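Some notes on the structure that comes next.
Every number here is computed from the coordinates shown, using simple stated rules; none is lab data. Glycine gets a Cβ as well: all are built from the backbone with ideal geometry, and neighbour counts include every protein chain shown.
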């Protein structure tokens, strides 16, 4: 079985820059190599076949080159929508085999998060649980720290974070942090606060509310 | 146009089996074979094999019915390792080699003994707002298995929408949120409804979110 | 137009391992289009020997194996047997020129070490009925020789015949030895006006001559 | 077992037309791609034409585009090749060949027919003259004699020769025909027999030249 290797799991670039991704086969496959692009929640999309041939509809900025064992995939001018995982594949022998993929990630200017806090809804409380949601909207870079405080008590192990993929237009990230308590316990406390530190914030930002107000 | 449509997400208990379907349209089914593939976060894209239209060794059985224009893939005694997204795909033209151009949307297979459970949809109401921007959302709580889809105003609202990847809770149920940001000046001029579809439990919910 | 290039000949002694190379281009083998191999024995149709680059059909001994690398393919035979003598073709698909199944030029595979054998030669005079049709043909049958290089000459009395000679090219019989045919056309007047006629067969320095007279 | 049998080949004048056919049995005709492959005398193999299991896809070698037409009858389990504007260079054996299954990367020809000869020539069909070769003993083993039949000036190939209506098998040796400078063919067939039976055993050579519809039975006897 032919092994297809993409050494870089992640590759980073900027809008308008040139970027190149490498793929190696452990067997001389001449030019029997295809390249695929896969965006979040989508099926792979064929970009290049036979190492250098552009498939129908692929934009001109996508090129492939190489022969033998060392193949290269290039984007001449990176665009915001180009965020994706890129896979090489040999179509030289059976079984068909794929590289591990290289995720493309865009550099951009620092962007400080927009922070919102949502109390549990009445409808959720009537059901017995209480989820408090802290939302960090359209920031960069990805690195962000969220701390929950309940009547000035730091929370640990009580919350779960979720982050979106890099936005295909502004290349920012968004993040949700969800603190879950029982109804009885939520009603035992007054002040609910989430504190956010991010490279774009000169000083930590706090959003809070008082149960009842 | 050539189109491959795959069956819906599946929940399979360990040791059971499931048959996956790929309906084809837009060509003579007998002229092209269908390729099957498996995608996981750890093992990546893996080719399984091909359904001959005139008809992973022990795990996969590949078949096809020309009368329904449908390719089939039965997965045998399933384990946690068979939890994945499965694609069917087709070569672009008659004399092409094995490069894949026409792909199905993928079928998610969850291998688990847990029970399927439809979600509850709670609103995340807007209040007093980063200057000129307000935020609202829906909390889709405690469902199983994946996946869930969320749109806003029947799909007519796409700007400012962020649907977060689900987290798995210690209970063994999933939970996610979908938020949209809108200009503050729009808060009291338009209705905001999140549409939630969890096909594995045949749950469809339209939920208004009011400030 | 494109073809797959093979060597026209490949030789090996019994027991050895031989390879037949098959070189294509980026439009066929190099693009991943699979390579297939066929064996043809004299007077028969080609038979599938290897398919899918390296798969042996049911019945092909495991001494035959296939492989490929870059634009080149290779058939290998370990433990070369005398019965492996035959023609071998590789085959693939070429996407240039709107697409076509493309064949290799072919390789004749000879096993060396076959022991020489001297020919049996028979010479017939013109029958009486042929003469009655105003024609005369002498028949020289050469058979059971090895290797195949044979040389025929005709003599009238003791002087070589200018023309009228038709000699076939040797071909192998079911016993793996060669046979050939040489014919000498004469008019009845030459056949009866000469003292004798001779067929001269030379094979590997050795010569036999058979003579017949009216 | 799979079987393929081609027929319809023969002699044709430059510019003429021929219709080859192939009959198949032992497999679902309707599920396989069919093909024509030809091999010129003493030359290599050249793919000619391919038809899909549904006739939806038909392809031709450039060298035959516009002159040849492939087609198939799935109810009759039959494949056809309509050859027009034939030329000398179309002379060859024409094989009908099935395309096996493969998972991308282009398939192989898994079964071939025996073939059928096609001869494109302005020359005329020439029947043979069959003459006897009277028994001779000098070159044969002790107590045996060589006895022959000369098949002269025929065209085109092939000729079949048997002896005593096929009853006589041991000792027969038919030689490959010679191709004369005139384009005609000649071959000899001799059989070695017991020198003792040369008096009471009758020996007949049966020559069949179907290309001209000529059959000859020649008795051979000692001078």
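Counted by neighbouring Cβ atoms within 10 Å, the residues D:219, D:72, D:67 run from fewest to most as D:219, D:67, D:72. Among D:58, B:34, A:21, sorting on how many other beta-carbon atoms sit within 10 Å of each Cβ, with the fewest leading, yields D:58, A:21, B:34. Spatially, segment B:157-180 and segment B:1-42 are offset by 27 Å when compared through their Cα centroids.
Structure remark: mean-square fluctuation, Gaussian network model of chain A, C-alpha springs under 10 Å; the largest value among A:133, A:78, A:150 belongs to A:150.
Using 0.36 nm per residue and subtracting the Cα-Cα separation, the extra length available between residue C:63 and residue C:116 on full extension is 16.3 nm. Counting neighbouring beta carbons within 10 Å and listing from fewest to most, the residues C:103, B:56 come out as B:56, C:103. Normalising by residue count, segment B:166-211 has a Cα convex hull of 98 Å³ per residue. Here the protein assembly as shown carries DSSP beta bridges of which approximately 95% are antiparallel, counting only pairs with both residues inside.
Mean partner shielding of peptide B:120-128, defined as the number of other chain Cβ atoms within 10 Å of each residue Cβ, is 5. Once both labels are positioned 7 Å from their Cα atoms along Cα-to-Cβ, the gap between residue C:171 and residue A:56 label points is 5.1 nm.
Using a Förster distance of 41 Å, how high is the FRET efficiency between residue D:153 and residue D:201, based on the Cβ-Cβ distance and rounded to 0.05? After rounding to 0.05, the efficiency reads 0.90.
For the pair residue A:154 and residue B:157, label points projected 7 Å from Cα toward Cβ lie 3.8 nm apart. Neighbouring Cβ atoms from other chains, within 10 Å of the Cβ of residues in C:44-51, number 5 on average. Peptide A:105-117 is shielded by partner chain Cβ atoms: per residue, an average of 2 of them sit within 10 Å of its Cβ.
For segment C:124-147 and segment A:38-68, compute the distance between their C-alpha centroids and round to whole Å. Each part reduced to its Cα centre gives a spacing of 72 Å.
Considering only Cα atoms, the convex hull volume of segment A:114-210 works out to 102 Å³ per residue. Note on residue D:125 and residue C:195: with the Förster distance fixed at 56 Å, the Cβ-Cβ geometry gives a FRET efficiency of about 0.90. Note on segment C:120-212: percent of Cα-Cα distances in each 10 Å bin, starting at 0 and stopping at the bin with the largest distance, equals 16, 48, 27, 9, 0. Counting every alpha-carbon pair across chain B, the share separated by more than 26 Å comes to 49%.
Computed over every Cα-Cα pair of the protein assembly as shown and binned at 20 Å starting from 0, the pair-distance distribution P(r) comes out as 12, 31, 24, 16, 9, 6, 1, 0 percent.
With an a/c value of 1.5 or above and a/b not larger than b/c for the gyration tensor axes a ≥ b ≥ c computed over the alpha-carbon atoms, segment A:9-49 is described as oblate.
Distance between the pseudo-spin-label points of residue D:85 and residue C:83 (7 Å out from Cα toward the beta carbon): 4.8 nm. Between segment C:43-90 and segment C:166-204, the C-alpha centres lie 39 angstrom from each other.
For chain A, the pair-distance distribution built from all alpha carbon pairs, in bins 5 Å wide starting at 0, is 1, 7, 13, 14, 12, 9, 9, 8, 8, 7, 6, 4, 2, 0, 0 percent.
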